[PDB]
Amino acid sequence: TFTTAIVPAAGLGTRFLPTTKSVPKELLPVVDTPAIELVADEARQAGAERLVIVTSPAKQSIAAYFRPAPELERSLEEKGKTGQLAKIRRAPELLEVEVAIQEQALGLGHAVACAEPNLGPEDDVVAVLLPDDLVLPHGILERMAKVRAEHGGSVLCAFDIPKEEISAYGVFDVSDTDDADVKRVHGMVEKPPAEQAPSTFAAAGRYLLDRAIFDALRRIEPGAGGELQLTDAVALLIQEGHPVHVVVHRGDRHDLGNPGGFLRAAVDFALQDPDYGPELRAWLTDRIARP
């Protein structure tokens, strides 16, 4: 049981210039649907009632997407576009949405800290979903919530990636529990060489964090500019005997962080859509047989 999910959405998306000069990265469509909607939908399916979106001053339009649009709805109703009407009603009815402002892009720990004013006394634990990761099928947070129910404390997420390929990620130092997909976390190493990787478990952008994380984020050594390393806040909770576990995702994943990975997501989803799939698959079938 968490009721509040936090989405850190305050980057620029340099890798998507020049589009992200004018469009927030999180509003970019996967086929026809903004990435932020796909992440809100995952959060709702795992039981979120509220979504706190952390954004920069210039990207406040992310949240405006989740507000009703009576005029557009009326216009669409008047033209009998009932299918398109349902699509625009979906995000505003998923859950309650609020914005927290991160004044400057000081990193992920700082972003999470910026959400604390939006929490209530009922928020003993909060979900955190990074919008550049899609984790499929939906439900990693449900597996994580079961871990929290049995062990208390905080829960993280990993992908299983061979050591030869993991050096770009944070890698957990782990030991076994009674469940093979659930590991006790002793720590994390940033970007180990293959030979020094403590495991094949690479950190993924899903979190179920005890409310104690906020106090840990205030107690850690800030960075040069005021960057608060979420990883250091987790290490502090560990040192103070807070239970931290990880669930290993065994499904598919997509990385919306660069245009290449984004395009893979979009093709993957379009090919399953009966409106787009057949005609795109036939086109692709010929396109890739030629230069």
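When you see a residue number, it is the position in the sequence shown, counting from 1.
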Seminar exercise, completed: When mean C-alpha B-factors in the record are compared for 150 to 158 and 117 to 125, the larger belongs to 117 to 125
Problem set entry | 159 to 167 versus 177 to 185 - greater average Cα B-factor per the deposited record | 159 to 167
Exercise. Which has the highest CA B-factor per the PDB entry: 42, 255, 252, 227?
Worked result: 227
Exercise. Out of 206, 90, 219, 138, which shows the largest CA B-factor listed in the entry?
Worked result: 219
For this session: Ordered by C-alpha B-factor within the chain, which third holds residue 130? Give me lowest, middle or highest, please.
Result: lowest
Exercise. Considering only modelled residues of the same chain, in which third does the CA B-factor of residue 13 rank: lowest, middle or highest?
Worked result: middle
Exercise. Which third, lowest, middle or highest, does the CA B-factor of residue 260 fall in along this chain?
Worked result: middle
Problem set entry | Cα B factor band for residue 101 (lowest, middle or highest third within the chain) | highest
Problem set entry | Cα B factor band for residue 63 (lowest, middle or highest third within the chain) | highest
